[PDB]
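Heads up, the chain below is alone and in the form deposited in one PDB entry; it's given as C-alpha cells.
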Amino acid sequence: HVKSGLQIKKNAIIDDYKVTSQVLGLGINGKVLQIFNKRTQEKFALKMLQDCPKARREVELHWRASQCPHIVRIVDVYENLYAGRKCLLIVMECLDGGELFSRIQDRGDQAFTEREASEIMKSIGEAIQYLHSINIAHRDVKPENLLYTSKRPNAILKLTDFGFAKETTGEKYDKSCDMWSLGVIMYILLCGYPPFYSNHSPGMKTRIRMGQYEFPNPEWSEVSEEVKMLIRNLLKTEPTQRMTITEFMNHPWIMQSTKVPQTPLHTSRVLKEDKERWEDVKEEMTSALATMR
C-alpha cells in the first residue's frame, strides 16, 4: 500500500487560515497556538519551527506517522517568512483535553483502576507499535507529550512532538528507549510516582529510597506479580534484554484490557499529595531520556 508524500506549501498561511500576528508572536517561542481554517471554519493548532535540516526531519517523520489514530495528525505544513526568519508552520489537529496525568490527578473521587491503566497503556502501545513497524523511534515518550483530544471522559489519547524522532534499522536499539518510556508511564499509572531513586524534598514523602525494592508496599500490595513482571521487562537495564513492542502488545494484560481487574489504585490520590514534585518528576524523566536515547 502506497501513501502520498509531504507537500510543503509556500503560500502565506494567512491565505488559508486565520491567525493574526500577536498570536504568531508567542509562537516562535514554542507555544502551540489556536487557528481557524477559512473555508471550513474548523479549529486547528499551529506549531512554528525555525526551518533547518532537523525541523525538516521531524516534520517528515511525523507526517509518516499522522494517520495513526493514537498520533496527532499533521493537516498541513507551510514554508513561510516570519520576522527575519524562514519558518516551518505546522498545522495539526487540536488536542484540548490536557496532559495524561493531569486528568488522573484532578479526579474528584481520587479513584483509578488497573483496568483504566491497561486501557491507556494499550493506546500508547498502539502509537509506538505503528512507529516501530515503520522503523521510527520517537525517543521522547513522556507525560507532556501525551494529550487528550477534548476535556470529555471518552477523549482519545494521542502522542505528539517528534523533535527527537529518528529512522532506525531493525540491528538497532534506538527503539529500546521507547519501551523504557512505556515502563515508566505504566509504573506511574499504577502508583502515582515514577520508579526513580532520588537524594531528595521536605514536607513530603520519600516514595522510593535509594537501592530499595522497586514496588513498595502501600501502593503496590494489590498489584499482581504478573504486572510487576511486565514492568521489569520494560525497565530492564540492558537494551539487549528489554521487552520489544511486539511482546508488549501481545501480553494478555494489554491485549485483553476488558478482562483486567478493576483493582482500585493509589495513583490519583498520590498525584495530588505529590503535586509539588511533578515538575521534578518530569525533569528527571527528561534527563534520564537524554542519557538513554
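Note that residue numbering follows the sequence shown and begins at 1. Think of the rigid core as the biggest set of C-alphas that the two forms share within 1.5 Å after superposition.
As for the form deposited with a small molecule bound, it is not shown, yet the points below apply to it.
Only one listed stretch (251-259, 41-49, 264-272, 226-234) carries heavy atoms within 4.5 Å of the small molecule in the deposited bound form, and that stretch is 41-49. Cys94 is the sole member of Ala155, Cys94, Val75, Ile120 with a non-hydrogen atom within 4.5 Å of the small molecule in the deposited bound form. Checked against the small molecule in the deposited bound form, the candidates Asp174, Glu116, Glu79, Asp161 yield a single residue with a heavy atom inside 4.5 Å, and that residue is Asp161.
Contact check for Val32: a non-hydrogen atom falls within 4.5 Å of the small molecule in the deposited bound form. Proximity of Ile14 to the small molecule in the deposited bound form: non-hydrogen atoms within 4.5 Å are absent; the residue sits far from the partner. The small molecule is not drawn, but in the deposited bound form it has no heavy atom within 4.5 Å of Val19. Proximity of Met186 to the small molecule in the deposited bound form: non-hydrogen atoms within 4.5 Å are absent; the residue sits far from the partner. Summarising the superposition on the core between this form and the one not shown, the listed residues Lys54, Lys259, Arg232, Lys38 contain exactly one with a Cα shift of 2 Å or larger, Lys38. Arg207: CA moves 2 Å or more between this form and the one not shown after rigid-core fitting. When the rigid core is held fixed, the Cα atom of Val23 travels 2 angstroms or more between this form and the one not shown. Expansion of the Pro264-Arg209 CA spacing by 3 Å or more is recorded in the deposited bound form, set against this form. Panel note: the distance between the CA atoms of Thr206 and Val223 is larger in the deposited bound form than in this form, the difference being 3 Å or more.
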